[PDB]
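When a ligand or atom number is given, it counts from 1 through the structure's own listing order. Any value given below was found using the heavy atoms of this structure, including those in side chains, with hydrogens, waters and symmetry copies removed. Here is how names work: the chains are called A, B, and so on, in the same order as the sequence lines, proteins then strands, and each is numbered from 1.
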Protein chains: 2
Amino acid sequence: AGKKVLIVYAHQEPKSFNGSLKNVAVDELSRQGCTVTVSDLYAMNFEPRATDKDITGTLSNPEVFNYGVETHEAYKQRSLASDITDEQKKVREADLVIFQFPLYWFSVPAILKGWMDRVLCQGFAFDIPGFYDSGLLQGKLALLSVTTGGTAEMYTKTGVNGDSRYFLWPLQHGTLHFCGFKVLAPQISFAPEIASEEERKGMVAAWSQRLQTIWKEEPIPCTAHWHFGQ
Amino acid sequence: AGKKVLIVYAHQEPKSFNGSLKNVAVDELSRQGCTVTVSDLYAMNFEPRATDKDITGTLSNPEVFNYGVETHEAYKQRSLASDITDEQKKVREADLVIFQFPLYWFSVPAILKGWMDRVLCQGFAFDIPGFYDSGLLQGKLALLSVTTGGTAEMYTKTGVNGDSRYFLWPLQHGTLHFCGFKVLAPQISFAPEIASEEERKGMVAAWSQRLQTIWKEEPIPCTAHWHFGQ
Ligand SMILES: Cc1cc2nc3c(=O)[nH]c(=O)nc-3n(C[C@H](O)[C@H](O)[C@H](O)COP(=O)(O)OP(=O)(O)OC[C@H]3O[C@@H](n4cnc5c(N)ncnc54)[C@H](O)[C@@H]3O)c2cc1C
Ligand SMILES: Cc1cc2nc3c(=O)[nH]c(=O)nc-3n(C[C@H](O)[C@H](O)[C@H](O)COP(=O)(O)OP(=O)(O)OC[C@H]3O[C@@H](n4cnc5c(N)ncnc54)[C@H](O)[C@@H]3O)c2cc1C
Ligand SMILES: CCN(CC)CCC[C@@H](C)Nc1ccnc2cc(Cl)ccc12
Ligand SMILES: CCN(CC)CCC[C@@H](C)Nc1ccnc2cc(Cl)ccc12
Ligand SMILES: [Zn+2]
Ligand SMILES: [Zn+2]
């Protein structure tokens, strides 16, 4: 049958390299017949802050507010904020979640960090216990499509940045695997600003071409060994 | 002399375990005679999103928005938003920057990620050249004071989360070292919600006591080996 894809997109500028990577993914996945949804976080003015406004109603323990405890309960009570609830429906129904973003400080831009913090709540994405291979989003795939300022060479073990896989750990393992996702190999488009027009068009085409057979891919083993070696 | 400290604090609840760690830091560093400032990001409703509103000057290219370029240029003309500008003054003058936060998704809460993204702009925190040991915040000390849900056992090589050092890499190396900070050993207070009240009190006391002698500690070698090696 057909597949559902959610692209969580975090760039301010539609004409950016990120925007182009997002658009070619929509084009290609749409052409295949997939159901495609894009959460364009900056266009949505998506709220990144984890606050008590994320629960509508009386808190369990208002005297000492604990975001995790209160959102866990709100999830069960169906009292989370609308924005969170709407994202959760998209994730729940998705077969594949693609994150499209520029690397900010070896991680996701804060608006996307806020999506992770607020949407992937206890009771929805994981339980304690009920994580990693017992996470609640088991059966789903995730894929990081990241662009960098630094070159591939800088992101090697002997480059000033260390290997690119090193910075993936909190995202792939600590977040996605934790919630039970299987993780498809990352798409890292290095240093588009430095690249020539030809190399840039090539990186966009490579992503589109990869997407043609994305459903045939197997996920990585999201292990310490995969990320760090030895 | 040389004992200005900025605490960048990211917890919603003054009565929280994080709040207590922040407060004992203020108490002890104030007692020493340090100059102490706290940026209480949630109380400030701090903006986490990197947007064009961060520039108060005329955009150089309003047709195609490039956050990096526009903020770099605006920094040099004192044309960044006042919230950023005010944080930059605090960092510029600080001799030590402590980050106090609960671990969210193997990283900082989004509101604190947004402080990093928006405050540490090119021209202020780094330049090219002017990064890693040559970063523009060279000579300053930084320290991560992190609290977790996961237990100490979980954050070992034999545990499900891997060594805690693994998740520090984007923060300590990719952010702090990149901007020229020397990085003091992290303070990780594991699993306060699982600890008894007395055990929590012990963790708070340990931090207060560590701070008595913080100014003469040796920084870590902020290398891949420290983070991922034996
Ligand atoms: C706050 C912050 C923190 C950062 N931290 C890091 C970090 O830790 N590590 C790191 O490596 N980098 C870092 N960077 C840099 C950042 O990752 C890059 O600037 C970003 O990845 C560039 O992607 P972009 O989409 O903005 O590029 P763009 O500047 O939009 O793209 C580059 C060029 O590609 C062109 N283009 C767009 N579409 C196409 C197309 N279809 N075909 C051909 N050309 C096209 C554009 O017009 C442009 O000329 C940071 C940046 C910021 C702002
Ligand atoms: C969105 C999200 C993502 C998360 N991701 C992760 C993750 O990736 N990895 C991970 O390990 N954890 C994760 N967690 C868990 C999170 O790190 C913990 O919930 C957090 O660190 C707990 O710290 P706290 O200050 O909020 O605790 P609190 O709940 O505030 O503290 C516990 C108790 O300490 C009491 N207390 C306060 N002061 C004192 C004192 N002086 N002496 C004794 N007791 C005191 C409080 O009253 C409270 O009852 C995540 C949580 C959320 C919400
Ligand atoms: C000389 C090149 N300059 C000067 C303006 C163009 C700006 C390019 C910017 C986006 N590159 C970067 C911006 C911010 N952080 C980074 C971190 C790493 Cl590791 C590598 C490159 C980065
Ligand atoms: C009131 C219910 N209490 C039990 C004490 C829940 C406390 C458990 C919470 C903090 N644990 C966690 C919450 C959220 N994420 C996590 C990620 C990892 Cl890796 C490990 C533990 C996590
Ligand atoms: Zn994993
Ligand atoms: Zn380092």
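- Listed by chain and residue number, A:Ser16 satisfy the side chain to side chain donor-acceptor pair (under 3.5 Å) test with A:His11 (two or more places apart in sequence, or in another chain).
- Close approach of ligand 1 to A:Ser20 is summarised as follows: ligand atoms under 4.0 Å from at least one heavy atom of the residue are 37 (C), 38 (N), 39 (C), 40 (C), 41 (N).
- Side-chain polar atoms of B:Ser107 and A:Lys113 form no donor-acceptor pair below 3.5 angstrom.
- For the pair A:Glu193 and ligand 1, the shortest N or O to N or O distance falls below 3.5 Å.
- At least one heavy atom of B:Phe178 sits closer than 4.0 Å to an atom of ligand 3.
- Counting the atoms of ligand 1 from 1 in the order shown, those under 4.0 Å from a heavy atom of A:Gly149 are 10 (C), 11 (O), 12 (N), 15 (C), 16 (C), 17 (O), 18 (C).
- Taking distance alone, with nitrogen or oxygen atoms compared against 3.5 Å, B:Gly68 stays at or beyond that limit from ligand 1.
- The protein atom (non-hydrogen) at minimum distance from atom 8 (C) of ligand 3 is A:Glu193 OE1, 4.2 Å.
- Counting only heavy atoms of the protein, atom 28 (P) of ligand 1 lies nearest to A:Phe17 N, 3.9 Å.
- In summary, the side chains of A:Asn45 and B:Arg49 do present a donor paired with an acceptor at a separation below 3.5 Å, with no hydrogens or angles considered.
- Atom 1 (C) of ligand 3 has its closest protein heavy atom at B:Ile128 CG2, 3.7 Å.
- For atom 26 (O) of ligand 1, the choice among A:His11, A:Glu13, A:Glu197 with the nearest heavy atom turns out to be A:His11.
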- Please lay out, stage by stage, how B:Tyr9 and B:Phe101 fare under the test ring pair (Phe, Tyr, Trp, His ring centres under 6.0 Å). CA-CA 6 Å; B:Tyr9 166 67; B:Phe101 60 98; over 10 Å; no

Could you go step by step and tell me if B:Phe106 and B:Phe167 meet the ring pair (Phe, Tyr, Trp, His ring centres under 6.0 Å) rule? CA-CA 6 Å; B:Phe106 278 34; B:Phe167 72 73; 5.8 Å; yes

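- The atoms of ligand 3 that sit less than 4.0 Å from any heavy atom of A:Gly150 are 20 (C), 21 (C).
- For ligand 1, the atoms lying closer than 4.0 Å to a non-hydrogen atom of A:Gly150 are 10 (C), 11 (O).
- Checking only distances, B:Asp117 never comes within under 3.5 Å of ligand 1, N or O to N or O.
- Atoms of ligand 1 lying under 4.0 Å from at least one heavy atom of A:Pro102, given by number and element, are 20 (C), 21 (O).
- Residue contact annotation: A:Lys15 has a non-hydrogen atom under 4.0 Å from ligand 1.
- One option in A:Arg200, A:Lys201, A:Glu198 has a heavy atom closer to atom 40 (C) of ligand 1 than any other, and that option is A:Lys201.
- Judged purely by distance below 3.5 Å, without hydrogens or angles, the side chains of B:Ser60 and B:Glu70 pair a donor atom with an acceptor atom.
- Remark: ligand 3 atoms within the under-4.0 Å shell around heavy atoms of A:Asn161 are 19 (Cl).
- Protein-derived N/O/S atoms nearer than 2.8 Å to the Zn ion (ligand 5) total 4, waters excluded.
- When distances from atom 5 (C) of ligand 3 to the protein are checked, a heavy atom turns up under 4.0 Å.
- For the residue pair A:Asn66/B:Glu193, the side-chain donor-acceptor check at 3.5 Å is satisfied.
- Under the side-chain contact (heavy atoms from CB on, under 4.5 Å) test applied with A:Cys121, the options A:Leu80, A:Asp54, A:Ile84 reduce to a single match, A:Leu80.
- Heavy-atom contacts of B:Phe126 reach the following atoms of ligand 3: 14 (C) (cutoff under 4.0 Å).
- Annotation for ligand 1: atoms under 4.0 Å from non-hydrogen atoms of A:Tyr155 are 9 (N), 10 (C), 11 (O).
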